[PDB]
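S.K.: Data: target38.tsv, TSV, N, CA and C atoms.
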chain	number	residue	atom	x	y	z
Q	1	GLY	N	-19.34	10.58	5.77
Q	1	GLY	CA	-19.86	10.26	4.41
Q	1	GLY	C	-19.00	9.22	3.73
Q	2	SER	N	-19.10	9.15	2.40
Q	2	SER	CA	-18.25	8.26	1.60
Q	2	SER	C	-17.31	9.07	0.72
Q	3	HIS	N	-16.14	8.51	0.44
Q	3	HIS	CA	-15.11	9.22	-0.32
Q	3	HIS	C	-14.48	8.30	-1.37
Q	4	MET	N	-14.44	8.79	-2.61
Q	4	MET	CA	-13.75	8.08	-3.69
Q	4	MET	C	-12.26	7.90	-3.36
Q	5	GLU	N	-11.74	8.79	-2.53
Q	5	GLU	CA	-10.35	8.76	-2.07
Q	5	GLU	C	-10.07	7.60	-1.11
Q	6	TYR	N	-11.11	6.99	-0.54
Q	6	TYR	CA	-10.96	5.79	0.29
Q	6	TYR	C	-11.45	4.56	-0.45
Q	7	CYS	N	-11.17	4.50	-1.75
Q	7	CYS	CA	-11.45	3.31	-2.53
Q	7	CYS	C	-10.16	2.77	-3.16
Q	8	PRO	N	-9.40	1.96	-2.40
Q	8	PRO	CA	-8.11	1.47	-2.91
Q	8	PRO	C	-8.32	0.59	-4.14
Q	9	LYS	N	-7.31	0.53	-4.99
Q	9	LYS	CA	-7.41	-0.30	-6.18
Q	9	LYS	C	-6.32	-1.36	-6.17
Q	10	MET	N	-6.64	-2.53	-6.70
Q	10	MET	CA	-5.64	-3.57	-6.92
Q	10	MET	C	-4.92	-3.25	-8.21
Q	11	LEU	N	-3.59	-3.32	-8.17
Q	11	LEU	CA	-2.78	-3.15	-9.37
Q	11	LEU	C	-2.19	-4.48	-9.81
Q	12	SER	N	-2.34	-4.79	-11.09
Q	12	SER	CA	-1.70	-5.98	-11.67
Q	12	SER	C	-0.19	-5.78	-11.74
Q	13	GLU	N	0.23	-4.56	-12.09
Q	13	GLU	CA	1.66	-4.23	-12.15
Q	13	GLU	C	1.94	-2.84	-11.59
Q	14	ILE	N	2.93	-2.75	-10.69
Q	14	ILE	CA	3.37	-1.46	-10.19
Q	14	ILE	C	4.32	-0.83	-11.21
Q	15	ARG	N	4.00	0.40	-11.62
Q	15	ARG	CA	4.85	1.15	-12.55
Q	15	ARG	C	5.33	2.46	-11.93
Q	16	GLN	N	6.32	3.10	-12.56
Q	16	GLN	CA	6.86	4.38	-12.09
Q	16	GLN	C	5.79	5.47	-11.85
Q	17	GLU	N	4.81	5.54	-12.74
Q	17	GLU	CA	3.73	6.53	-12.63
Q	17	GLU	C	2.94	6.36	-11.34
Q	18	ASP	N	2.73	5.11	-10.94
Q	18	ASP	CA	1.98	4.80	-9.73
Q	18	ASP	C	2.76	5.24	-8.50
Q	19	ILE	N	4.05	4.89	-8.48
Q	19	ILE	CA	4.97	5.27	-7.42
Q	19	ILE	C	5.12	6.78	-7.27
Q	20	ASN	N	5.27	7.49	-8.38
Q	20	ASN	CA	5.43	8.95	-8.35
Q	20	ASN	C	4.22	9.70	-7.83
Q	21	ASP	N	3.04	9.09	-7.95
Q	21	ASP	CA	1.82	9.77	-7.56
Q	21	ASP	C	1.34	9.51	-6.13
Q	22	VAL	N	2.09	8.72	-5.38
Q	22	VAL	CA	1.77	8.51	-3.96
Q	22	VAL	C	2.82	9.17	-3.07
Q	23	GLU	N	2.51	9.31	-1.78
Q	23	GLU	CA	3.47	9.89	-0.85
Q	23	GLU	C	4.39	8.82	-0.24
Q	24	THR	N	3.83	7.65	0.07
Q	24	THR	CA	4.65	6.55	0.59
Q	24	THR	C	4.25	5.23	-0.06
Q	25	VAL	N	5.22	4.34	-0.17
Q	25	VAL	CA	4.97	2.97	-0.61
Q	25	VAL	C	5.52	2.08	0.50
Q	26	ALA	N	4.68	1.16	0.96
Q	26	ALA	CA	4.98	0.35	2.14
Q	26	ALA	C	4.82	-1.15	1.90
Q	27	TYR	N	5.51	-1.94	2.73
Q	27	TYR	CA	5.41	-3.40	2.75
Q	27	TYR	C	4.63	-3.66	4.02
Q	28	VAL	N	3.42	-4.22	3.89
Q	28	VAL	CA	2.50	-4.38	5.02
Q	28	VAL	C	1.93	-5.80	5.08
Q	29	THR	N	1.46	-6.20	6.26
Q	29	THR	CA	0.60	-7.36	6.38
Q	29	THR	C	-0.75	-6.88	6.87
Q	30	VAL	N	-1.82	-7.39	6.24
Q	30	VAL	CA	-3.18	-7.17	6.75
Q	30	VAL	C	-3.37	-8.11	7.93
Q	31	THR	N	-3.65	-7.56	9.11
Q	31	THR	CA	-3.69	-8.36	10.34
Q	31	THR	C	-5.10	-8.58	10.85
Q	32	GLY	N	-6.08	-8.04	10.13
Q	32	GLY	CA	-7.48	-8.12	10.55
Q	32	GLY	C	-8.29	-6.99	9.94
Q	33	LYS	N	-9.58	-6.96	10.25
Q	33	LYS	CA	-10.45	-5.92	9.71
Q	33	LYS	C	-11.49	-5.52	10.74
Q	34	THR	N	-11.56	-4.21	11.01
Q	34	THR	CA	-12.63	-3.66	11.83
Q	34	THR	C	-13.83	-3.44	10.90
Q	35	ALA	N	-14.80	-2.63	11.33
Q	35	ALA	CA	-15.95	-2.28	10.49
Q	35	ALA	C	-15.58	-2.03	9.02
Q	36	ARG	N	-14.99	-0.87	8.74
Q	36	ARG	CA	-14.77	-0.43	7.37
Q	36	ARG	C	-13.29	-0.35	6.99
Q	37	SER	N	-12.40	-0.64	7.95
Q	37	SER	CA	-10.96	-0.53	7.75
Q	37	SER	C	-10.21	-1.83	8.00
Q	38	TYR	N	-9.22	-2.09	7.16
Q	38	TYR	CA	-8.26	-3.16	7.38
Q	38	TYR	C	-7.23	-2.69	8.40
Q	39	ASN	N	-6.84	-3.58	9.30
Q	39	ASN	CA	-5.72	-3.36	10.20
Q	39	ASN	C	-4.43	-3.78	9.52
Q	40	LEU	N	-3.39	-2.97	9.71
Q	40	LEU	CA	-2.10	-3.16	9.04
Q	40	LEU	C	-0.92	-3.21	10.01
Q	41	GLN	N	0.01	-4.10	9.71
Q	41	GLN	CA	1.34	-4.08	10.29
Q	41	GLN	C	2.29	-3.58	9.21
Q	42	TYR	N	3.07	-2.56	9.53
Q	42	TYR	CA	4.06	-2.03	8.59
Q	42	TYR	C	5.42	-2.67	8.85
Q	43	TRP	N	6.05	-3.16	7.78
Q	43	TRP	CA	7.37	-3.77	7.88
Q	43	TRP	C	8.46	-2.83	7.40
Q	44	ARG	N	8.15	-2.02	6.38
Q	44	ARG	CA	9.18	-1.22	5.73
Q	44	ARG	C	8.49	-0.14	4.92
Q	45	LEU	N	9.08	1.05	4.87
Q	45	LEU	CA	8.66	2.03	3.87
Q	45	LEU	C	9.76	2.03	2.83
Q	46	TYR	N	9.39	1.81	1.56
Q	46	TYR	CA	10.39	1.84	0.49
Q	46	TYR	C	10.86	3.28	0.29
Q	47	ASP	N	12.08	3.44	-0.23
Q	47	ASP	CA	12.65	4.77	-0.43
Q	47	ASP	C	12.25	5.39	-1.78
Q	48	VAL	N	10.98	5.20	-2.14
Q	48	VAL	CA	10.38	5.73	-3.37
Q	48	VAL	C	8.97	6.26	-3.09
Q	49	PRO	N	8.53	7.31	-3.82
Q	49	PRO	CA	9.25	8.08	-4.83
Q	49	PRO	C	10.37	8.93	-4.24
Q	50	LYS	N	10.34	9.11	-2.92
Q	50	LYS	CA	11.39	9.85	-2.22
Q	50	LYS	C	11.90	8.99	-1.06
Q	51	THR	N	13.08	9.34	-0.55
Q	51	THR	CA	13.65	8.66	0.62
Q	51	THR	C	12.62	8.63	1.74
Q	52	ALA	N	12.51	7.47	2.39
Q	52	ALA	CA	11.50	7.25	3.42
Q	52	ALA	C	11.82	8.04	4.69
Q	53	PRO	N	10.77	8.51	5.40
Q	53	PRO	CA	10.99	9.21	6.66
Q	53	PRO	C	11.68	8.30	7.68
Q	54	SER	N	12.44	8.90	8.59
Q	54	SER	CA	13.16	8.15	9.62
Q	54	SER	C	12.21	7.38	10.54
Q	55	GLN	N	11.11	8.03	10.91
Q	55	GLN	CA	10.16	7.46	11.86
Q	55	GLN	C	8.77	7.25	11.26
Q	56	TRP	N	8.20	6.08	11.55
Q	56	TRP	CA	6.88	5.69	11.07
Q	56	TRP	C	6.26	4.67	12.03
Q	57	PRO	N	4.92	4.74	12.24
Q	57	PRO	CA	4.29	3.78	13.15
Q	57	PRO	C	4.27	2.35	12.61
Q	58	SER	N	4.36	1.38	13.51
Q	58	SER	CA	4.36	-0.03	13.15
Q	58	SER	C	2.96	-0.50	12.75
Q	59	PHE	N	1.94	0.16	13.29
Q	59	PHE	CA	0.53	-0.18	13.01
Q	59	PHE	C	-0.19	0.95	12.28
Q	60	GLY	N	-1.16	0.58	11.45
Q	60	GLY	CA	-2.06	1.57	10.83
Q	60	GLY	C	-3.31	0.89	10.33
Q	61	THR	N	-4.12	1.64	9.59
Q	61	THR	CA	-5.38	1.12	9.06
Q	61	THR	C	-5.58	1.64	7.65
Q	62	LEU	N	-6.36	0.89	6.87
Q	62	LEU	CA	-6.70	1.29	5.51
Q	62	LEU	C	-8.21	1.24	5.34
Q	63	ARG	N	-8.83	2.40	5.17
Q	63	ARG	CA	-10.27	2.48	4.97
Q	63	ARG	C	-10.66	2.13	3.53
Q	64	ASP	N	-11.78	1.42	3.37
Q	64	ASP	CA	-12.31	1.10	2.03
Q	64	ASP	C	-13.81	1.36	2.00
Q	65	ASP	N	-14.20	2.40	1.26
Q	65	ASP	CA	-15.59	2.82	1.13
Q	65	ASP	C	-16.31	2.18	-0.07
Q	66	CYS	N	-15.56	1.46	-0.91
Q	66	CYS	CA	-16.10	0.92	-2.16
Q	66	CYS	C	-16.24	-0.59	-2.15
Q	67	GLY	N	-15.14	-1.28	-1.84
Q	67	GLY	CA	-15.10	-2.74	-1.92
Q	67	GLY	C	-14.58	-3.24	-3.25
Q	68	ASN	N	-13.77	-2.42	-3.92
Q	68	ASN	CA	-13.09	-2.86	-5.14
Q	68	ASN	C	-11.81	-3.64	-4.82
Q	69	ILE	N	-11.57	-3.85	-3.53
Q	69	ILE	CA	-10.53	-4.78	-3.07
Q	69	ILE	C	-11.15	-5.76	-2.07
Q	70	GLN	N	-10.57	-6.95	-1.98
Q	70	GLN	CA	-11.00	-7.93	-0.99
Q	70	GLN	C	-9.74	-8.53	-0.41
Q	71	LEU	N	-9.07	-7.78	0.46
Q	71	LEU	CA	-7.78	-8.23	0.99
Q	71	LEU	C	-8.00	-9.40	1.94
Q	72	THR	N	-7.02	-10.29	2.00
Q	72	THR	CA	-7.15	-11.48	2.84
Q	72	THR	C	-6.35	-11.38	4.13
Q	73	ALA	N	-6.82	-12.10	5.14
Q	73	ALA	CA	-6.18	-12.12	6.45
Q	73	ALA	C	-4.73	-12.60	6.34
Q	74	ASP	N	-3.85	-11.94	7.11
Q	74	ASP	CA	-2.46	-12.38	7.30
Q	74	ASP	C	-1.73	-12.45	5.97
Q	75	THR	N	-2.10	-11.55	5.06
Q	75	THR	CA	-1.53	-11.56	3.72
Q	75	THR	C	-0.68	-10.31	3.49
Q	76	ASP	N	0.44	-10.47	2.79
Q	76	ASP	CA	1.38	-9.38	2.64
Q	76	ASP	C	1.09	-8.61	1.35
Q	77	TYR	N	1.15	-7.28	1.43
Q	77	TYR	CA	0.92	-6.41	0.27
Q	77	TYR	C	1.95	-5.30	0.16
Q	78	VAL	N	2.15	-4.81	-1.05
Q	78	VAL	CA	2.79	-3.51	-1.21
Q	78	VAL	C	1.63	-2.52	-1.29
Q	79	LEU	N	1.73	-1.44	-0.51
Q	79	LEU	CA	0.63	-0.49	-0.38
Q	79	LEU	C	1.19	0.89	-0.67
Q	80	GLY	N	0.69	1.53	-1.73
Q	80	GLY	CA	1.16	2.88	-2.10
Q	80	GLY	C	0.05	3.85	-1.78
Q	81	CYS	N	0.32	4.87	-0.97
Q	81	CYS	CA	-0.77	5.77	-0.54
Q	81	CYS	C	-0.40	7.25	-0.57
Q	82	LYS	N	-1.37	8.11	-0.89
Q	82	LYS	CA	-1.20	9.54	-0.59
Q	82	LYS	C	-1.42	9.72	0.91
Q	83	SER	N	-1.02	10.86	1.45
Q	83	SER	CA	-1.15	11.13	2.89
Q	83	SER	C	-2.56	10.84	3.42
Q	84	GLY	N	-2.63	10.26	4.62
Q	84	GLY	CA	-3.90	9.84	5.21
Q	84	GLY	C	-4.42	8.52	4.69
Q	85	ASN	N	-3.56	7.79	3.97
Q	85	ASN	CA	-3.91	6.49	3.38
Q	85	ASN	C	-5.13	6.62	2.48
Q	86	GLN	N	-5.00	7.54	1.53
Q	86	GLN	CA	-6.04	7.72	0.54
Q	86	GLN	C	-5.46	7.58	-0.87
Q	87	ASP	N	-6.35	7.38	-1.84
Q	87	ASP	CA	-5.98	7.09	-3.24
Q	87	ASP	C	-4.89	6.03	-3.32
Q	88	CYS	N	-5.12	4.90	-2.66
Q	88	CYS	CA	-4.09	3.91	-2.51
Q	88	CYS	C	-4.13	2.90	-3.65
Q	89	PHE	N	-2.95	2.36	-3.96
Q	89	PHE	CA	-2.86	1.15	-4.76
Q	89	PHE	C	-2.33	-0.02	-3.92
Q	90	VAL	N	-2.72	-1.23	-4.30
Q	90	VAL	CA	-2.37	-2.44	-3.54
Q	90	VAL	C	-1.93	-3.54	-4.50
Q	91	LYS	N	-0.86	-4.24	-4.15
Q	91	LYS	CA	-0.34	-5.35	-4.94
Q	91	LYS	C	0.14	-6.44	-3.99
Q	92	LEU	N	-0.22	-7.69	-4.27
Q	92	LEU	CA	0.25	-8.82	-3.48
Q	92	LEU	C	1.77	-8.85	-3.48
Q	93	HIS	N	2.37	-8.84	-2.29
Q	93	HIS	CA	3.83	-8.81	-2.18
Q	93	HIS	C	4.49	-10.03	-2.83
Q	94	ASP	N	3.89	-11.21	-2.64
Q	94	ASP	CA	4.42	-12.46	-3.22
Q	94	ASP	C	4.32	-12.50	-4.75
Q	95	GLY	N	3.60	-11.54	-5.33
Q	95	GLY	CA	3.44	-11.43	-6.78
Q	95	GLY	C	4.36	-10.44	-7.48
Q	96	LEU	N	5.28	-9.83	-6.74
Q	96	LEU	CA	6.24	-8.87	-7.31
Q	96	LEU	C	7.21	-9.50	-8.32
Q	97	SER	N	7.32	-8.87	-9.50
Q	97	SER	CA	8.34	-9.25	-10.48
Q	97	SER	C	9.65	-8.52	-10.18
Q	98	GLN	N	10.73	-8.93	-10.84
Q	98	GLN	CA	12.03	-8.26	-10.64
Q	98	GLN	C	11.97	-6.80	-11.06
Q	99	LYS	N	11.24	-6.52	-12.15
Q	99	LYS	CA	11.04	-5.15	-12.60
Q	99	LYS	C	10.47	-4.30	-11.48
Q	100	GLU	N	9.42	-4.79	-10.82
Q	100	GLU	CA	8.77	-4.08	-9.72
Q	100	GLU	C	9.69	-3.94	-8.51
Q	101	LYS	N	10.44	-5.00	-8.22
Q	101	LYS	CA	11.44	-4.97	-7.15
Q	101	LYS	C	12.46	-3.85	-7.37
Q	102	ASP	N	12.95	-3.72	-8.60
Q	102	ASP	CA	13.87	-2.64	-8.97
Q	102	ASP	C	13.26	-1.23	-8.82
Q	103	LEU	N	11.99	-1.07	-9.21
Q	103	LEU	CA	11.29	0.22	-9.06
Q	103	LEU	C	11.16	0.62	-7.60
Q	104	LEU	N	10.96	-0.38	-6.75
Q	104	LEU	CA	10.79	-0.19	-5.32
Q	104	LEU	C	12.13	-0.12	-4.59
Q	105	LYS	N	13.20	-0.41	-5.33
Q	105	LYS	CA	14.54	-0.59	-4.75
Q	105	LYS	C	14.47	-1.57	-3.58
Q	106	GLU	N	13.79	-2.69	-3.80
Q	106	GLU	CA	13.60	-3.71	-2.78
Q	106	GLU	C	14.92	-4.27	-2.25
How does the structure come out when it is put into structure tokens?
M.R.:
Amino acid sequence: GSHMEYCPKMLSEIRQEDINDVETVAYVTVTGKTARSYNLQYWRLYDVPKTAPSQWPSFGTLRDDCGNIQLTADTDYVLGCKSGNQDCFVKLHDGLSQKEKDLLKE
């Protein structure tokens, strides 16, 4: 079926509230798109809201059932997700301010 939980949102600004409400925040590149999911390369899991797990896969996918995002090929994003890559927020990595860098402990 379709799930509101697989409708990622673009964030203009990453704030503490956004970080606290996800399980992981990651630095990713979108490497392509299958049917309904973006393909992802993971570069780093930030140590927020909690210290990052020791082990994490280099590849993953992000499902979008809505289309309220239009991610571009070979483009870098910060991706904040609850477990299973649901209720995600997305922000262009090249658009990070120093404030956001500090929140992410970049």
S.K.: Rank Q:94, Q:76, Q:17, Q:106 by their smallest atom-to-atom distance to residue 31 of chain Q, using only C-alpha atoms, and report the top residue only.
M.R.: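 Closest residue, counting only C-alpha atoms: Q:76.
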S.K.: Pick from Q:57, Q:33, Q:65, Q:99: nearest to residue 1 of chain Q, with only N, CA and C atoms counted?
M.R.: Q:65
S.K.: Give me, please, the distance in Å between atom C of residue 35 of chain Q and atom N of residue 5 of chain Q, quoted to one decimal.
M.R.: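 A separation of 16.3 Å between them.
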S.K.: Name the residues of chain Q that come out as helix (DSSP H, G or I) in a backbone DSSP run; write them as a PyMOL selection string.
M.R.: chain Q and resi 4-6+16-20+93-95+98-103
S.K.: Name all residues at most 6 Å from residue 27 of chain Q (count only N, CA and C atoms; drop same-chain ones fewer than 5 positions away) and give them as a ChimeraX atom specification.
M.R.: /Q:41-46,77-79
S.K.: Which of these, Q:32, Q:63, Q:70, Q:25, has the shortest distance to residue 47 of chain Q once you count all atoms listed in the file?
M.R.: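 Checking each of Q:32, Q:63, Q:70, Q:25 against residue 47 of chain Q, counting all atoms listed in the file, the winner is Q:25.
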S.K.: Fewer than 4 positions away in the same chain doesn't count, so skip those; otherwise give me all residues within 6 Å of residue 48 of chain Q, counting only N, CA and C atoms, as a PyMOL selection string.
M.R.: chain Q and resi 19+23-25+52+104
S.K.: Pick the closest to residue 85 of chain Q from Q:69, Q:30, Q:62, Q:103: which is it, counting all atoms listed in the file?
M.R.: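 Comparing Q:69, Q:30, Q:62, Q:103 against residue 85 of chain Q, the winner is Q:62.
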S.K.: Would you mind listing what lies within 7 Å of residue 82 of chain Q as a compact mmCIF listing (two decimals) with N, CA and C atoms, in the frame of the given file, with all atoms listed in the file counted and same-chain residues fewer than 4 positions away left out?
M.R.:
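The result, stored in selection-v8.txt:
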# COMPACT_ATOMS: atom_id res chain seq x y z
N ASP Q 21 3.04 9.09 -7.95
CA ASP Q 21 1.82 9.77 -7.56
C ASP Q 21 1.34 9.51 -6.13
N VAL Q 22 2.09 8.72 -5.38
CA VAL Q 22 1.77 8.51 -3.96
C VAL Q 22 2.82 9.17 -3.07
N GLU Q 23 2.51 9.31 -1.78
CA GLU Q 23 3.47 9.89 -0.85
C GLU Q 23 4.39 8.82 -0.24
N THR Q 24 3.83 7.65 0.07
CA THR Q 24 4.65 6.55 0.59
C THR Q 24 4.25 5.23 -0.06
N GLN Q 86 -5.00 7.54 1.53
CA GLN Q 86 -6.04 7.72 0.54
C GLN Q 86 -5.46 7.58 -0.87
N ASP Q 87 -6.35 7.38 -1.84
CA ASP Q 87 -5.98 7.09 -3.24
C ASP Q 87 -4.89 6.03 -3.32
N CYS Q 88 -5.12 4.90 -2.66
CA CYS Q 88 -4.09 3.91 -2.51
C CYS Q 88 -4.13 2.90 -3.65
N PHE Q 89 -2.95 2.36 -3.96
CA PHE Q 89 -2.86 1.15 -4.76
C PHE Q 89 -2.33 -0.02 -3.92
